[PDB]
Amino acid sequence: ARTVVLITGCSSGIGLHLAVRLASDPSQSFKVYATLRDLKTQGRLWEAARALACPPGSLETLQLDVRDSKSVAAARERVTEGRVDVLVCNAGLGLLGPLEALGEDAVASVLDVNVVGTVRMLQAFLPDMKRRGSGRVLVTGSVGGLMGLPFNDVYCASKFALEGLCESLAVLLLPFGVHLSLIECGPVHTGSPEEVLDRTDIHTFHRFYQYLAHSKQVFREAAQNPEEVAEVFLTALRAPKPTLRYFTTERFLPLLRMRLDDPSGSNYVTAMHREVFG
């Protein structure tokens, strides 16, 4: 039978491209449940699916809001096969700005969607995998989950949290036959100045501008095509003994090694301040 895949956050970006890559696979090996918070956003997904000639029935959309455990359970019940071979936890939110300028609701939302929503997915689908002794779980990671980035304090908190969540589960899941992997992505092709200025000091504001200018230059130079990133997920899926982490690029490994080599954090803080700010 087909490998049943359920992917969260398929309205755009990595989840959209992964969903159509799998559904359009020439071997027709996969049945994909592409889940979205709001079905009103499914148009780009269906435009992409048609462009790759996904066979009828290879791709289905479900509404799934990872903030709501009832929505998670209702989507699980919509899997007609009664099993999920591959779960891809990809839904996520970004949050950029001076820490004191971020709304309390926005902070709590990033954590609820990125972290608690992944926990909700894992609590809903892991038990069936553990009892069957098979299943693959892929989690969309970021280089921001491996090293702290200025003005991404809460985003990095949430991506570092997925690292701890997944590494902790991987230690237990080792002998269960259930494989969990993080796909560590760099940049991928996919408030107003006035309000930020009102909630922070002028120096922090100026540094935010510098960060934004630097970020745009790196994105322009180094963002990867979503097709190349989606193929790393497929590589992890086909591995007989998948590792805990896959990297979409080796570009940030040097910064990572410097980080990991000086546990006091001094070398990394100095190097990243220089890298972003000059």
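In case it trips you up, residue 1 is the first one in the sequence shown, and so on. Basically, rigid core = biggest C-alpha set you can superpose within 1.5 Å across the two forms.
Farther-lying stretch by C-alpha RMS in 7 other deposited structures of this protein (rigid core fit) among 81-89, 191-199: Output: 191-199, the stretch lying farther off on average in 7 other deposited structures of this protein.
Extent of unmodelled deposited sequence, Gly191 relative to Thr190: Some 4 to 9 residues are missing between them.
Given 33-41 and 219-227, the range whose Cα B-factors average higher in the PDB entry: The stretch with the larger mean CA B-factor is 219-227.
Per the entry, higher mean C-alpha B factor between 86-94 and 126-134: Result: 126-134.
Out of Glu195, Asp153, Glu167, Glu184, residue topping the C-alpha B-factor column of the entry: It is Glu195.
Most elevated Cα B-factor in the entry, residues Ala49, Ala239, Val232, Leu244: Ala239 has the highest C-alpha B-factor of those listed.
Chain-wide C-alpha B factor ranking for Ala75, given as lowest, middle or highest third: Answer is highest: the recorded C-alpha B-factor places it there.
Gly9 - Cα temperature factor, lowest/middle/highest third of chain: Lowest third of the chain for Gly9's C-alpha B-factor.
Chain-relative CA temperature factor third for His203: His203: CA B-factor falls in the middle third of its chain.
Third of the chain's Cα B-factor distribution that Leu59 belongs to, per the entry: For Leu59, the deposited C-alpha B-factor lands in the lowest third.
Cα B factor band for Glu81 (lowest, middle or highest third within the chain): Tercile = highest for this residue's CA B-factor.
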